[PDB]
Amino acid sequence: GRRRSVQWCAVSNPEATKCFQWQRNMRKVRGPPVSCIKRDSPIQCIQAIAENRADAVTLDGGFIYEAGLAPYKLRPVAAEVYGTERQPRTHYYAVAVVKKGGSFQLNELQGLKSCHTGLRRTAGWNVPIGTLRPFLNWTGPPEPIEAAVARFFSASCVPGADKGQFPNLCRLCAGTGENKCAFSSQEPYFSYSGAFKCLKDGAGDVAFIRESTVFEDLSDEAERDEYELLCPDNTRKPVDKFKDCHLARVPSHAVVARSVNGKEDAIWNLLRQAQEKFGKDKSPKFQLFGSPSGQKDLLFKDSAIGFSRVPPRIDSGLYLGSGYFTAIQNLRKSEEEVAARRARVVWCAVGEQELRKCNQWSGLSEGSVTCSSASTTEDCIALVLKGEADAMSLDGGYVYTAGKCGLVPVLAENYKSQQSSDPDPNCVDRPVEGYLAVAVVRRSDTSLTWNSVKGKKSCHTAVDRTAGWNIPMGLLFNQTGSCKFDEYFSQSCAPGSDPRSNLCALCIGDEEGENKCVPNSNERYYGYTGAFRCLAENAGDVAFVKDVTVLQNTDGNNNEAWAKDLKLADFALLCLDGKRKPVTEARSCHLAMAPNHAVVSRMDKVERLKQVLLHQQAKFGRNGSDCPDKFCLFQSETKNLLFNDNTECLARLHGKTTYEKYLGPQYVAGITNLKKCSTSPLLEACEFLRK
């Protein structure tokens, strides 16, 4: 087809010129080839790549956005590294700095005084104003946004604004005469530093800058404690907490490619080489990162020092992050659409059986709950990081991952405090207590014990789940030191594993044989119920489930014909000490305690989200007005759709509102250790966006 050439896209003749000098110097080293094509602008180049006339182009965050849309749908494949090696920066945070001691929170900037870096800049305007669109009263595109922010702050310094159309935006500007409010250095309250000094001097109440500013311009480490940042969950925290209190992380420029047949391989080969040899301080004959005397950042930024391969799970939407992604969409969207969308709760359903239930739920929510879906739990997480979905209930194993991703716990799934017991009218404030992970076996083989389970057949709820995987595989690991999970057992049914492995050997997919090993309801051997079924159907010898699982699938508690005649007495539990115990004794024969499933979300959605659930609960929870009349939120019965079936109510966290706190330190430490052997596409992705 098309030569082992990567075809680079240029936006200027100058750029085209550097390209050609690239092409020739790559030929001279018998390095990977690069062709060059020239267009007049970034979109022309986005168009080119998408119509197959070019392969890559490096873009800034606003173009990464445009490029990810239809009809282009390109993707970031390599990121520019700035700084110095050892001081490598892949991004910065867009923060709202205010001085110590106020009671105003982001929700309340109304009527205050603002200091911005400059009209249409990322951190001084796009992010902040996009973030605040909800409050502006601003009809929309067009009426000029400027008209509404001028009506929201009582005064700002917005360099570059029209002091003739919006005098207010320039009133705190410190420039003399006509310089006043200039998008230049002639204006002292211009860019990061002018905007911060604007605060510093007492002219404005809030400065919208980048995190580094605060650091690089504050001398001691003492008048730095005189400062504070505003968080999107309407809190305030100190300036070194920017990794947890920021309006947006703005990513470094990235080399974008086609999401389908993008030559990403080719592209990274080219780049890695381009870099070893024509790097920074690498050769006098050519410099990838360098521009000819009256030119700036041709092809790459002249300040870049290298590139970072962006994990394949990243999207333009994941690349920008929710803060930045939603800021850009808000500034485009009608006011009614913004309205609607902050009111609605978009649930993320994993699988079609879960979407059926959601839909049903959505129907009766009196408009407050809507549904989105994905095929996997990581995919739902990624839809909430993109702001496309808002919540879902997750196992603690995925609470860690969504937490590494910046998501937070909101409410926990409360279970009844022990095997047989009564309803607590105060379920919502009762502290969560966890649940027990067990290893259940069929009573027939007498010789099977915890000490001989190695080498047999296992049934797991899914990979990365607590009772189904982390605990059993963590235990075994402790014992053997081996990271070779697929050699612990002969054959297994472990949804979410490699379809070609022994780990997926016992899965049976759906009625037709498809969806084998997918980690959703379509796999009949998926979850608590499916891993139990895997044991009961004698596909595997041990099932890693919770103690309640046996109870809900035996003695007729489960209707399904495979389950119908099962008897509790037909199962035993494998205790850590080698004994076998009846199922009613999980209290003294369990593998470990696992944290309750938790509803997670984005900080920007937490108060709206509790409010809709508390309220949805009241109508459809365990003792609720319309349950079972119309719909029961916590019933599917042995189905476990959206929520576990033994959920009494959704309950408060008791300040345990960070994945770290909610799971607690021994849980964290254990999983951390395990992720060493292997990770996941999304943990990977999130580790990269946070590095």
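Numbering starts at 1 and runs along the sequence shown.
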property	result
Between 425 to 433 and 273 to 281 (mean CA B-factor, as deposited), the higher	273 to 281
Stretch exceeding the other in mean C-alpha B-factor - 349 to 357, 616 to 624	616 to 624
Out of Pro251, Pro144, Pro76, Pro495, highest CA B-factor residue	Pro144
Residue, from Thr401, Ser601, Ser588, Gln165, that the PDB entry assigns the highest Cα B-factor	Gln165
Third of the chain, ranked by Cα B-factor, where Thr638 sits	highest
For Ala10, the third of its chain into which the C-alpha B factor falls	lowest
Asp60, C-alpha B-factor rank within chain (lowest, middle or highest third)	lowest
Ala266 - Cα temperature factor, lowest/middle/highest third of chain	highest
Cα B factor band for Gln44 (lowest, middle or highest third within the chain)	middle
